[PDB]
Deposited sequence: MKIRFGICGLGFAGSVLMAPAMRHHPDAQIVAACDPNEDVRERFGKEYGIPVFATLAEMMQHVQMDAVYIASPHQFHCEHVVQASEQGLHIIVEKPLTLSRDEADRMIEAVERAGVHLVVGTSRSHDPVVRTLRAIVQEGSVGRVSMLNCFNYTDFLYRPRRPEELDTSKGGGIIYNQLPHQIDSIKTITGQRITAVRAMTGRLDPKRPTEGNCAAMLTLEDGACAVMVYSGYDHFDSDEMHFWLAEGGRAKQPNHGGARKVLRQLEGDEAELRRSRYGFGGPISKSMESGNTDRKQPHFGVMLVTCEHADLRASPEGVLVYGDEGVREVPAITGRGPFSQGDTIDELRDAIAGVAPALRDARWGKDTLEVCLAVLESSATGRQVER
């Protein structure tokens, strides 16, 4: 029925992506928020008409709530998840889940012993086009998946960043912040375990020395494979091969120089541009759109190739093309579907797919990309 949510961590994912989508979602009410930053917290409390807090602990002591949406920096996810679990609160947590397998185990153990439901965390696998691709595959007519092909060329590395985000050791770069979207989509579309990983990564800019590109072949469990390719250097832009839609569904304008131009001319400190542009009540808090997507994703089955469209899925069949509209979610497009997955779990309609074990599993696939790329070898798991 109606889930009373607290938001924990009010950076970009929290305040600007998820929060408005929650207001607008009919099965969800924002009831409270916390963040370490007194400034942002207070502004957010005024605009949404809710009490706010400096720590999760305090929010849990002072507001009747059913779930927490945890959008704190990843280094805080483990303890935030344990803490919510110990209160019997259900959870949505942003990616990265964690960087650490041990953490991931502590999270699983806490959630399971508490009996709560957890979902992670607005992936692009919540995109209805990806859910639609799954429905088409299970439905059966299209036949078995033989292979998938996903690629996304992007300007990610040249968006405004804090300097810890350009250190893979601290969680930066595309392995932890982008590849999970493809990996989760591949798992979602196929319903198969990833059993082997061959990947190569590059860090083609030494001024920003984290991973910006990757080429990978993922072996799935029935012998099907998925190729996954990602590059973030703001060179090719693959929305050209996806109807010139942006990732978030709104039409895109070519801007190839784009993010790199903005940074070169920038006078001052980039970290500031980051928090002033993507913070709460900054520019991008200003948001007739089509389906969201992540690069292009070509699923080749026995009786068809499948591809995400602005409205649903393009099915290239034996007979020629036809279109399938995207499965209606109850609220907004990705963000809303994340909420639906939890509601469904709490309601006993459907247990969560993207639980803590699925998260750990995606973390392991990321680690296997790092290993395969260091050693040159396909990594079995």
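Pop the missing stretches of the deposited sequence into a list, counting residues from 1 and keeping sequence order.
That part of the chain that was deposited but carries no coordinates is 288 to 293, and nothing else.
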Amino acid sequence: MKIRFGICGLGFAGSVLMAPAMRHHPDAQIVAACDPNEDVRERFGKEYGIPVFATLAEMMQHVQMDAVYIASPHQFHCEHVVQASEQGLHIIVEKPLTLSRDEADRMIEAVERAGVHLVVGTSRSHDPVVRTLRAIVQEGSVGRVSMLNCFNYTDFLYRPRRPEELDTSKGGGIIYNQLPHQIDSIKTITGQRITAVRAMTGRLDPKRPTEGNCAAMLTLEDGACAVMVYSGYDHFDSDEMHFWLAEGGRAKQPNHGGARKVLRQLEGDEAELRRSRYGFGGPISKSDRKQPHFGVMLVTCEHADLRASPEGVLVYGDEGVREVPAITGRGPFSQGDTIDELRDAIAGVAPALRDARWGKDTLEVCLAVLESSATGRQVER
From here on, numbers count along this sequence of modelled residues.
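Segment of higher mean CA temperature factor, 292 to 300 or 158 to 166:
Result of the comparison: 158 to 166.
Where do the C-alpha atoms have the higher mean temperature factor in this entry, in 208 to 216 or in 269 to 277?
Averaged over C-alpha atoms, the B-factors run higher in 269 to 277.
Would you mind checking which of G191, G115, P180, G140 has the top Cα temperature factor in the PDB entry?
Going by the entry's C-alpha B-factors, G140 comes out highest.
Which third, lowest, middle or highest, does the CA B-factor of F53 fall in along this chain?
CA B-factor rank for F53: lowest third.
Please rank the C-alpha B-factors of the chain's modelled residues and tell me whether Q75 sits in the lowest, middle or highest third.
CA B-factor rank for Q75: middle third.
Sort the modelled residues of this chain by their C-alpha B factor and say whether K252 lands in the lowest, middle or highest third.
It falls in the top third of the chain.
With respect to C-alpha B-factor, does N152 fall in the lowest, middle or highest third of the chain as deposited?
Ranked within chain, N152 CA B lands in the lowest tercile.
Based on the deposited C-alpha B factors for this chain, I'd like to know if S287 is in the lowest, middle or highest third.
Ranked within chain, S287 CA B lands in the highest tercile.
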